[PDB]
């Protein structure tokens, strides 16, 4: 028995139709955002701030390119309902839109030499290569639940973390339209992690207690590995700024969200995940 025609009037899990409706309904393209209105704001940023922004965004671009190419697609083979497969094909597509959005921003605000140098930086940056390597290794592996754990960490932790910068600038009245575009990405990202995290939880109920325990420990070890590598990434990128400690706190905040999307309890105490209300205000994240 091959493939059967999909019946959307035979939903097997109401969650599938809900996410499908939310994701498709929230469709958008970078051309829909008035990025050109940030050109003046861009001009008020220091040379150091401009480089920082470009490198950060190139980093996010790498992550979504992977999610578009290997991430979302590697989960489609593990879907437990035909409707899930359709939703995953929408997620994969939107990851392409997300990756494409950064080029939109580069075309509108930056100079070619400046952007090309950033792409060269991303090719050699240690922490960025390592994080891409780690996740990608799980995506090509044989263990489905580990692919989902990696995917949620990529979306609810690694990604969100890069959103601090546009959100900070926006709180200062700079790059407000780019910030709007990032909130469009977050609106998708929040649902992606939630959904994939939910499917992970269901798969867990079908396993022995010994097996759930092995995955829980795996989850925490992978998180600490990605977390500490993200701290190093952060300390090098924001070396100047004076914003390193704010970003770190943001990392812990999102790591807790990644964990709960997986069905686990928050791991970082409030004293480590205290995000400036200005960032939270201007945010609208998970």
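Positions refer to the first chain, counted from 1.
According to the PDB record, 78-86 carries the higher mean C-alpha B-factor of the two stretches 91-99 and 78-86. As the entry records it, the average C-alpha temperature factor is higher for 240-248, out of 227-235 and 240-248. The PDB entry assigns the greatest CA B-factor among 157, 200, 139, 168 to 139. Each of 179, 152, 185, 210 has a CA temperature factor in the record; the biggest one is found at 210. Remark: residue 69 belongs to the highest third of its chain, ranked by C-alpha B-factor as recorded. Split the chain's modelled residues into thirds by C-alpha temperature factor. Residue 278 is in the highest one.
Among all modelled residues in its chain, residue 11 ranks in the highest third by Cα B-factor. Per the deposited record, the Cα B-factor of residue 204 falls in the highest third when ranked against the other modelled residues of its chain. When the modelled residues of the chain are ordered by C-alpha B-factor, residue 162 sits in the highest third.
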